[PDB]
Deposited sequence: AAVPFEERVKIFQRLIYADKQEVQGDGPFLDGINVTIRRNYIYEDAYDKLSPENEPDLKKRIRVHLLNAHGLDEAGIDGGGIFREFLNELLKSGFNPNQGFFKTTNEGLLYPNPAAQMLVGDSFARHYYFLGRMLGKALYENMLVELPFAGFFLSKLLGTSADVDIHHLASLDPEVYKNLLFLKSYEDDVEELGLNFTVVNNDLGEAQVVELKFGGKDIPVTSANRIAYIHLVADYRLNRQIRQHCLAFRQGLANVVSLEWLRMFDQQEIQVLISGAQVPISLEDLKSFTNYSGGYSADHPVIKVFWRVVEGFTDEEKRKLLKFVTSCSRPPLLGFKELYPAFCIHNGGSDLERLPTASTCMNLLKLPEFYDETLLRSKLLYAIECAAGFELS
């Protein structure tokens, strides 16, 4: 309407900022990666942790910065919790997520306890400014904002209440359903290399004018829009940029100096939006290795 999307997202983020500083005494939990959803559902229950705006720090057992260990936990948890195989969400013709009407039939009576949990985890994703590849059906998003769309109404009530434990629904009612989808999984726009280059961080000896970096940007300047999408997904785990551009990617997209070992491949740490790039001084070398690293990630 009157005010455009961008200015509203700046309000959204300013509200979360003041909120985040009101509540300074964190949350410490231990999660088995092989048992991620079952452990989180227990460890971060409403009875164990009623205030989820607090800062969570995770010991992931597999059996990294801490803020990164957390983002890695939250991303794999959201991927696991929202997978149709867990029984709480299914997909339309296009792969759009929405609450499973058979959840009680298939999960039993605690089914609403799980929708409250997923809403909390989605709210923490929004609260901690982390995009995630969750494509939701719009009718589900609008039911959160405020006929056979009533068979999932206990589902949406519990989900909505979990969301409201972390991000206030009044903040969210600033937004369209489409705009909400963009707040979750990013803007459906082409990737701007000028914007990305403007807010790229360098580490391990690299900088905007290091020769390897200069080769890098010459390589990715020749990438199709599809390959820029794949590169971004490879580094951040999301294939779309934040609405407000890469200035508002947390952590900043970062290119870090790998070895001089030219047998290693570029590797990524998506929980840090980090690309570990060996010191490739030749374009064909960099281009083939980088695309190969991206394809093997599929």
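Where are the gaps relative to the deposited sequence? Unobserved in coordinates, per deposited numbering: 25-30, 70-76, 160-236, 389-393.
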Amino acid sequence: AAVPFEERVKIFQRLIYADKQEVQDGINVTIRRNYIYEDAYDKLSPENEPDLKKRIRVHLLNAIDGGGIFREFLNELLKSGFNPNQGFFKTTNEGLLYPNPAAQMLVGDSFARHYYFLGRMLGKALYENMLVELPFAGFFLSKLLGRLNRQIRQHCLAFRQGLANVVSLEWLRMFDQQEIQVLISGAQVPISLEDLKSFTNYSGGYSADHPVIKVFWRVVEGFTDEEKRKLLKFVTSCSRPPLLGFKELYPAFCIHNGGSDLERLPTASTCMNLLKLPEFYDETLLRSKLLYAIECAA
From here on, numbers count along this sequence of modelled residues.
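Which is higher in the entry, the mean Cα B factor of 147-155 or that of 70-78? Comparing 70-78 with 147-155, the higher mean C-alpha B-factor belongs to 147-155.
Please compare 5-13 with 284-292 and say which has the higher mean C-alpha temperature factor in the record. Result: 5-13.
Between 120, 210, 173, 228, which carries the biggest CA temperature factor in the record? That would be 173, according to the entry.
Taking only the Cα B-factors deposited for this chain, tell me whether residue 140 sits in the lowest, middle or highest third. Residue 140: CA B-factor falls in the highest third of its chain.
What third of the chain, by the recorded C-alpha B-factor, contains residue 44? Middle third of the chain for residue 44's C-alpha B-factor.
Please place residue 107 in the lowest, middle or highest third of its chain according to the CA B-factor in the PDB entry. Answer is highest: the recorded C-alpha B-factor places it there.
Mind checking which third residue 183 falls in for C-alpha B-factor across the chain? Residue 183: CA B-factor falls in the middle third of its chain.
Using the B-factor values recorded in the entry, state whether the Cα atom of residue 224 falls in the lowest, middle or highest third among the modelled residues of its chain. CA B-factor rank for residue 224: middle third.
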